[PDB]
>>> print(open('start.csv').read())   # CSV, N, CA, C and O atoms
chain,number,residue,atom,x,y,z
A,56,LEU,N,74.8,147.1,-18.1
A,56,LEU,CA,76.2,147.4,-18.6
A,56,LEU,C,76.2,147.9,-20.1
A,56,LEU,O,77.1,148.6,-20.5
A,57,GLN,N,75.2,147.5,-20.9
A,57,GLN,CA,75.0,148.0,-22.2
A,57,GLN,C,74.3,149.3,-22.3
A,57,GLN,O,74.2,150.0,-23.3
A,58,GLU,N,73.7,149.7,-21.1
A,58,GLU,CA,73.0,151.0,-21.0
A,58,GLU,C,73.8,152.2,-20.5
A,58,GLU,O,73.3,153.3,-20.4
A,59,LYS,N,75.0,151.9,-20.0
A,59,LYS,CA,76.0,152.9,-19.6
A,59,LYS,C,76.9,153.4,-20.7
A,59,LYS,O,77.4,154.5,-20.7
A,60,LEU,N,77.0,152.5,-21.8
A,60,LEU,CA,77.8,152.8,-23.0
A,60,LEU,C,77.0,153.5,-24.1
A,60,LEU,O,77.5,154.3,-24.9
A,61,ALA,N,75.7,153.2,-24.1
A,61,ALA,CA,74.7,153.9,-25.0
A,61,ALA,C,74.4,155.3,-24.4
A,61,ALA,O,74.1,156.2,-25.2
A,62,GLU,N,74.5,155.4,-23.1
A,62,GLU,CA,74.2,156.7,-22.4
A,62,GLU,C,75.4,157.7,-22.6
A,62,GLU,O,75.2,158.9,-22.8
A,63,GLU,N,76.6,157.2,-22.6
A,63,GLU,CA,77.8,158.0,-22.8
A,63,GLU,C,78.0,158.4,-24.3
A,63,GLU,O,79.0,159.1,-24.6
A,64,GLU,N,77.2,157.8,-25.2
A,64,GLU,CA,77.3,158.0,-26.7
A,64,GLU,C,76.5,159.1,-27.2
A,64,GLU,O,76.9,159.9,-28.1
A,65,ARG,N,75.2,159.2,-26.8
A,65,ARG,CA,74.3,160.2,-27.2
A,65,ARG,C,74.5,161.6,-26.5
A,65,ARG,O,74.1,162.6,-27.0
A,66,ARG,N,75.2,161.5,-25.3
A,66,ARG,CA,75.5,162.7,-24.5
A,66,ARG,C,76.8,163.4,-24.9
A,66,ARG,O,77.0,164.6,-24.6
A,67,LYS,N,77.7,162.6,-25.4
A,67,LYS,CA,79.0,163.1,-25.9
A,67,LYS,C,78.8,163.7,-27.3
A,67,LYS,O,79.6,164.6,-27.8
A,68,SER,N,77.8,163.2,-28.0
A,68,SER,CA,77.3,163.8,-29.3
A,68,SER,C,76.1,164.7,-29.1
A,68,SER,O,75.0,164.4,-29.6
A,69,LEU,N,76.3,165.8,-28.4
A,69,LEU,CA,75.4,166.9,-28.2
A,69,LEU,C,75.4,167.7,-29.5
A,69,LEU,O,76.5,168.2,-29.9
A,70,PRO,N,74.2,168.0,-30.1
A,70,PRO,CA,74.1,168.7,-31.4
A,70,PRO,C,74.7,170.1,-31.5
A,70,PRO,O,75.5,170.3,-32.4
A,71,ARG,N,74.4,170.9,-30.5
A,71,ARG,CA,75.0,172.3,-30.4
A,71,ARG,C,75.6,172.6,-29.1
A,71,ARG,O,75.2,172.1,-28.0
A,72,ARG,N,76.8,173.3,-29.2
A,72,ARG,CA,77.5,173.8,-28.0
A,72,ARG,C,77.7,175.3,-28.2
A,72,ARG,O,78.0,175.8,-29.3
A,73,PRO,N,77.5,176.1,-27.1
A,73,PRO,CA,77.6,177.5,-27.2
A,73,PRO,C,78.8,178.2,-26.3
A,73,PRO,O,78.6,179.4,-26.0
A,74,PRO,N,79.9,177.4,-26.1
A,74,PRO,CA,80.7,177.5,-24.8
A,74,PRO,C,80.9,179.0,-24.3
A,74,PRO,O,81.5,179.8,-24.9
A,75,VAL,N,80.3,179.2,-23.1
A,75,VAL,CA,80.2,180.5,-22.5
A,75,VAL,C,81.6,180.9,-22.0
A,75,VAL,O,82.3,180.1,-21.4
A,76,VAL,N,81.9,182.2,-22.3
A,76,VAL,CA,83.2,182.7,-21.9
A,76,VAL,C,83.0,184.0,-21.1
A,76,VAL,O,82.3,184.9,-21.5
A,77,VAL,N,83.7,184.1,-19.9
A,77,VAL,CA,83.7,185.3,-19.1
A,77,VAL,C,85.0,186.0,-19.1
A,77,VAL,O,86.1,185.3,-19.1
A,78,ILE,N,85.0,187.3,-19.1
A,78,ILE,CA,86.2,188.1,-19.0
A,78,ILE,C,86.1,188.9,-17.7
A,78,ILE,O,85.1,189.7,-17.5
A,79,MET,N,87.1,188.8,-16.9
A,79,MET,CA,87.2,189.5,-15.6
A,79,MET,C,88.6,189.7,-15.0
A,79,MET,O,89.5,188.9,-15.4
A,80,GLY,N,88.8,190.7,-14.2
A,80,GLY,CA,90.1,191.1,-13.6
A,80,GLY,C,90.2,192.5,-13.0
A,80,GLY,O,89.3,192.9,-12.2
A,81,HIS,N,91.3,193.2,-13.4
A,81,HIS,CA,91.6,194.5,-12.9
A,81,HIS,C,91.1,195.6,-13.9
A,81,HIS,O,91.2,195.5,-15.1
A,82,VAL,N,90.4,196.7,-13.3
A,82,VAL,CA,89.9,197.8,-14.0
A,82,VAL,C,91.0,198.7,-14.6
A,82,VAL,O,92.0,198.9,-13.9
A,83,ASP,N,90.8,199.2,-15.8
A,83,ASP,CA,91.8,199.8,-16.6
A,83,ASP,C,92.9,198.9,-17.1
A,83,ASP,O,94.1,199.2,-17.2
A,84,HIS,N,92.5,197.7,-17.5
A,84,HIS,CA,93.2,196.9,-18.5
A,84,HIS,C,92.8,197.3,-19.9
A,84,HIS,O,93.0,196.7,-20.9
A,85,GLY,N,92.1,198.5,-19.9
A,85,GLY,CA,91.1,198.9,-20.9
A,85,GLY,C,90.0,197.8,-20.8
A,85,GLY,O,89.6,197.3,-21.8
A,86,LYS,N,89.6,197.6,-19.5
A,86,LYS,CA,88.8,196.3,-19.2
A,86,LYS,C,87.4,196.4,-19.7
A,86,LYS,O,86.9,195.5,-20.4
A,87,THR,N,86.7,197.5,-19.3
A,87,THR,CA,85.4,197.9,-19.9
A,87,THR,C,85.6,198.2,-21.4
A,87,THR,O,84.7,197.8,-22.3
A,88,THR,N,86.7,198.8,-21.8
A,88,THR,CA,87.1,199.1,-23.1
A,88,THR,C,87.2,197.8,-23.9
A,88,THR,O,86.7,197.8,-25.1
A,89,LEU,N,87.8,196.8,-23.3
A,89,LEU,CA,88.0,195.5,-23.9
A,89,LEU,C,86.6,194.9,-24.3
A,89,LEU,O,86.4,194.4,-25.4
A,90,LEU,N,85.7,195.0,-23.3
A,90,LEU,CA,84.3,194.5,-23.4
A,90,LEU,C,83.6,195.2,-24.6
A,90,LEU,O,83.0,194.5,-25.4
A,91,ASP,N,83.8,196.5,-24.7
A,91,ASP,CA,83.2,197.3,-25.7
A,91,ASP,C,83.7,196.8,-27.1
A,91,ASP,O,82.9,196.7,-28.0
A,92,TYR,N,85.0,196.6,-27.2
A,92,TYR,CA,85.7,196.2,-28.4
A,92,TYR,C,85.1,194.9,-28.8
A,92,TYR,O,84.8,194.7,-30.0
A,93,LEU,N,85.0,193.9,-27.9
A,93,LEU,CA,84.4,192.6,-28.1
A,93,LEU,C,83.0,192.7,-28.7
A,93,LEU,O,82.7,192.0,-29.7
A,94,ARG,N,82.2,193.6,-28.1
A,94,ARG,CA,80.9,193.8,-28.5
A,94,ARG,C,80.8,194.3,-30.0
A,94,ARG,O,80.0,193.8,-30.8
A,95,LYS,N,81.7,195.2,-30.3
A,95,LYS,CA,81.8,195.8,-31.6
A,95,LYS,C,82.2,194.8,-32.6
A,95,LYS,O,81.6,194.7,-33.7
A,96,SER,N,83.1,193.9,-32.2
A,96,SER,CA,83.6,192.8,-33.1
A,96,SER,C,82.5,191.9,-33.6
A,96,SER,O,82.4,191.6,-34.8
>>> encode(input="start.csv", output="structure tokens")
Amino acid sequence: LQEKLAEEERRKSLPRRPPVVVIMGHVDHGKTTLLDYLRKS
């Protein structure tokens, strides 16, 4: 019971996070254009 609370403590305190983001939908939202813009940014 003391090993379930120590486990939830070191795992919630992960050193780095890189949160992955996907962009998708309809073509000519300037959609590829949007991607390009993002890249440029």
>>> atom_distance(input="start.csv", atom1="atom N of residue 73 of chain A", atom2="atom O of residue 91 of chain A")
21.3 Å
>>> atom_distance(input="start.csv", atom1="atom N of residue 92 of chain A", atom2="atom O of residue 72 of chain A")
22.0 Å
>>> atom_distance(input="start.csv", atom1="atom O of residue 75 of chain A", atom2="atom CA of residue 62 of chain A")
24.8 Å
>>> select_by_dssp(input="start.csv", residues="chain A", states="alpha helix (DSSP H)", output="PyMOL selection string")
chain A and resi 62-65+86-95
>>> axis_aligned_box(input="start.csv", around="segment 79-92 of chain A", padding_each_side="5 Å", output="lines of an AutoDock Vina configuration file")
center_x = 88.5
center_y = 194.3
center_z = -21.1
size_x = 21.2
size_y = 21.0
size_z = 27.8
>>> closest_residue(input="start.csv", among="A:60, A:76, A:71, A:81", to="residue 93 of chain A", atoms="only C-alpha atoms")
A:76
>>> decode(input="start.csv", residues="segment 80-92 of chain A", atoms="N, CA, C and O atoms", output="PDB file, in the first residue's frame")
ATOM      1  N   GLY A  80      -7.210  17.464 -41.257  1.00  0.00           N
ATOM      2  CA  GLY A  80      -8.564  17.844 -41.681  1.00  0.00           C
ATOM      3  C   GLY A  80      -8.792  17.894 -43.189  1.00  0.00           C
ATOM      4  O   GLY A  80      -8.470  16.938 -43.909  1.00  0.00           O
ATOM      5  N   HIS A  81      -9.356  19.017 -43.649  1.00  0.00           N
ATOM      6  CA  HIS A  81      -9.727  19.248 -45.059  1.00  0.00           C
ATOM      7  C   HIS A  81      -8.628  20.012 -45.821  1.00  0.00           C
ATOM      8  O   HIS A  81      -8.075  20.996 -45.312  1.00  0.00           O
ATOM      9  N   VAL A  82      -8.321  19.530 -47.031  1.00  0.00           N
ATOM     10  CA  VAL A  82      -7.312  20.124 -47.938  1.00  0.00           C
ATOM     11  C   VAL A  82      -7.812  21.484 -48.462  1.00  0.00           C
ATOM     12  O   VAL A  82      -8.988  21.626 -48.818  1.00  0.00           O
ATOM     13  N   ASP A  83      -6.899  22.460 -48.511  1.00  0.00           N
ATOM     14  CA  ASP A  83      -7.192  23.892 -48.769  1.00  0.00           C
ATOM     15  C   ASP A  83      -7.945  24.603 -47.627  1.00  0.00           C
ATOM     16  O   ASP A  83      -8.859  25.405 -47.855  1.00  0.00           O
ATOM     17  N   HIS A  84      -7.529  24.283 -46.401  1.00  0.00           N
ATOM     18  CA  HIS A  84      -7.689  25.165 -45.246  1.00  0.00           C
ATOM     19  C   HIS A  84      -6.497  26.120 -45.260  1.00  0.00           C
ATOM     20  O   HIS A  84      -6.231  26.838 -44.289  1.00  0.00           O
ATOM     21  N   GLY A  85      -5.819  26.134 -46.411  1.00  0.00           N
ATOM     22  CA  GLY A  85      -4.399  26.429 -46.514  1.00  0.00           C
ATOM     23  C   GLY A  85      -3.699  25.399 -45.649  1.00  0.00           C
ATOM     24  O   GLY A  85      -2.885  25.761 -44.819  1.00  0.00           O
ATOM     25  N   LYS A  86      -4.040  24.123 -45.839  1.00  0.00           N
ATOM     26  CA  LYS A  86      -3.725  23.071 -44.865  1.00  0.00           C
ATOM     27  C   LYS A  86      -2.253  22.658 -44.885  1.00  0.00           C
ATOM     28  O   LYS A  86      -1.604  22.624 -43.833  1.00  0.00           O
ATOM     29  N   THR A  87      -1.750  22.330 -46.076  1.00  0.00           N
ATOM     30  CA  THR A  87      -0.315  22.191 -46.340  1.00  0.00           C
ATOM     31  C   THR A  87       0.407  23.522 -46.125  1.00  0.00           C
ATOM     32  O   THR A  87       1.510  23.556 -45.557  1.00  0.00           O
ATOM     33  N   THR A  88      -0.256  24.611 -46.531  1.00  0.00           N
ATOM     34  CA  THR A  88       0.238  25.972 -46.309  1.00  0.00           C
ATOM     35  C   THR A  88       0.421  26.210 -44.814  1.00  0.00           C
ATOM     36  O   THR A  88       1.452  26.761 -44.412  1.00  0.00           O
ATOM     37  N   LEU A  89      -0.559  25.778 -44.022  1.00  0.00           N
ATOM     38  CA  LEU A  89      -0.524  25.921 -42.566  1.00  0.00           C
ATOM     39  C   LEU A  89       0.703  25.224 -41.999  1.00  0.00           C
ATOM     40  O   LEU A  89       1.420  25.789 -41.161  1.00  0.00           O
ATOM     41  N   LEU A  90       0.919  24.004 -42.476  1.00  0.00           N
ATOM     42  CA  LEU A  90       2.051  23.170 -42.061  1.00  0.00           C
ATOM     43  C   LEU A  90       3.361  23.899 -42.341  1.00  0.00           C
ATOM     44  O   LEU A  90       4.261  23.960 -41.477  1.00  0.00           O
ATOM     45  N   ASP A  91       3.438  24.442 -43.557  1.00  0.00           N
ATOM     46  CA  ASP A  91       4.617  25.170 -44.019  1.00  0.00           C
ATOM     47  C   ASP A  91       4.899  26.356 -43.093  1.00  0.00           C
ATOM     48  O   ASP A  91       6.043  26.585 -42.680  1.00  0.00           O
ATOM     49  N   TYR A  92       3.829  27.079 -42.776  1.00  0.00           N
ATOM     50  CA  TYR A  92       3.893  28.252 -41.906  1.00  0.00           C
ATOM     51  C   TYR A  92       4.436  27.861 -40.541  1.00  0.00           C
ATOM     52  O   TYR A  92       5.311  28.543 -39.997  1.00  0.00           O
TER      53      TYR A  92
END
